[PDB]
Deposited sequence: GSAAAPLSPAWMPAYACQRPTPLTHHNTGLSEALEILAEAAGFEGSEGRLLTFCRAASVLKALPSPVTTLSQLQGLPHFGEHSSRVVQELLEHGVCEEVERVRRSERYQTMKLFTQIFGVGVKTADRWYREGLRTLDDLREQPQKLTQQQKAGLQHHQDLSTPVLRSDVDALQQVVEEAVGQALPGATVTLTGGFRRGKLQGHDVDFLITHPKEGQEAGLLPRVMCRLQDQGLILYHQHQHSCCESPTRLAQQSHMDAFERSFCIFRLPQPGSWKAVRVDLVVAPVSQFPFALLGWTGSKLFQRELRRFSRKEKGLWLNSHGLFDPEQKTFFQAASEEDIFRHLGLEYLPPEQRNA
């Protein structure tokens, strides 16, 4: 019954199997740290399947037939049901390698490959990295400098204040341009690690050159701690707070209005939902999906979409609102 792709089923923000899904997601993260994206994907998919179930899993029987559950994922759930812990998960959680790779990869500018090299070189703490600034890109230096603030969850009050200052800079740069909140907050999350905004203009072509003008205006008002023709900017903002300020990660994306439904769909996520949707598009429908469009490679044409709904329909999928894309 349960469809195999995450884009074929609603996944709400609040679900009934958090304990099991979190354990599988530890194994997925660990698989990524060891360089097996395939195992990561399977463990992520299996966790997502549990998020889409209508009720708590209490019996191994209830896993029968579910997609992406084989011997390994089923054994993990079995142990959790019988004993409340899975030895493999606990061994991973308590391992120095897992703990350090999680610490390093959570830095803005550091991924698995970089963290692994630092691990192999003996480094273990943020202080170790600060001790060796020559080994850091400018992006990594900013990530490390603002790490404490960037580890603090971004809340809705932060989003509203940020949207206001982004709208003001955007309006100064180009009358009639619009700002749309995307990412997890658009899916209904109450917190996030960053805020995502999608910027366009109703007249095709007027948005050319917009993002540099927006960034200059934000930087002139003292709002930019880090950034850097371009159409995406992964920034750190200096967000005013009562009597002070805190650093907040902000992503800005500019798209022409012809691409806006594709950009909105891509940037609203979740990350697993969108990878699954792009996989479905290519493997099941023979069409190539990205944040710019949906391409038929045999006719060499792009699908004209006015809404996210149009895209789902052209893929033969029942429409899912953003709050049901929490795969």
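**Student:** Relative to the deposited sequence numbered from 1, which residue ranges are unmodelled?
**Tutor:** According to the record, the gaps fall at 1-10, 239-257.
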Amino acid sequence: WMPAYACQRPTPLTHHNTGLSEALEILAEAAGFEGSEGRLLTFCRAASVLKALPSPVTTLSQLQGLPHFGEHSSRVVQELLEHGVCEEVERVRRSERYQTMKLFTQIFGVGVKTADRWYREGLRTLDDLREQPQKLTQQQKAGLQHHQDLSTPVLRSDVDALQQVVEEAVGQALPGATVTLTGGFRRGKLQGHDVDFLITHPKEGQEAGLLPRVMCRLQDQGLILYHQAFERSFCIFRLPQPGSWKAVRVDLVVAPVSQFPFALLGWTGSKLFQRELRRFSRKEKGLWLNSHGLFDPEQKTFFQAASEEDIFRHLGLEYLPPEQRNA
From here on, numbers count along this sequence of modelled residues.
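So that the term is clear: the rigid core is the largest set of C-alpha atoms that superpose within 1.5 Å between two forms.
**Student:** With the rigid core as the fit anchor, does 195-203 or 155-163 show bigger C-alpha shifts in 8 other deposited structures of this protein?
**Tutor:** Larger mean C-alpha displacement, comparing 195-203 and 155-163 in 8 other deposited structures of this protein, is found in 155-163.
**Student:** Quick check: by Cα RMS after rigid core superposition, does 57-65 or 283-291 differ more from this form in 8 other deposited structures of this protein?
**Tutor:** Once the cores are fitted, 57-65 deviates more in 8 other deposited structures of this protein.
**Student:** According to the deposited model, is the average Cα temperature factor higher in 293-301 or in 276-284?
**Tutor:** Stretch with the higher mean C-alpha B-factor: 293-301.
**Student:** Quick one: higher average CA temperature factor, 22-30 or 56-64?
**Tutor:** Looking at the record's C-alpha B-factors, the answer is 56-64.
**Student:** For the listed residues 180, 105, 233, 78, which one has the largest C-alpha B-factor as given in the deposited model?
**Tutor:** Highest C-alpha B-factor among the listed options: 78.
**Student:** From 196, 149, 207, 131, pick the one with the largest CA B-factor in the entry?
**Tutor:** Answer, based on the entry's C-alpha B-factors: 131.
**Student:** Which third, lowest, middle or highest, does the CA B-factor of residue 246 fall in along this chain?
**Tutor:** Middle third of the chain for residue 246's C-alpha B-factor.
**Student:** Would the CA B-factor of residue 111 place it in the lowest, middle or highest third of its chain?
**Tutor:** Lowest third of the chain for residue 111's C-alpha B-factor.
**Student:** Sort the modelled residues of this chain by their C-alpha B factor and say whether residue 327 lands in the lowest, middle or highest third.
**Tutor:** Its C-alpha B-factor, which the entry lists for residue 327, ranks in the lowest third among residues of this chain.
**Student:** Residue 311: which third of its chain by C-alpha temperature factor?
**Tutor:** Ranked within chain, residue 311 CA B lands in the lowest tercile.
**Student:** What third of the chain does residue 270 rank in for C-alpha temperature factor, lowest, middle or highest?
**Tutor:** As the PDB entry reports it, the C-alpha B-factor of residue 270 lands in the lowest third of its chain.
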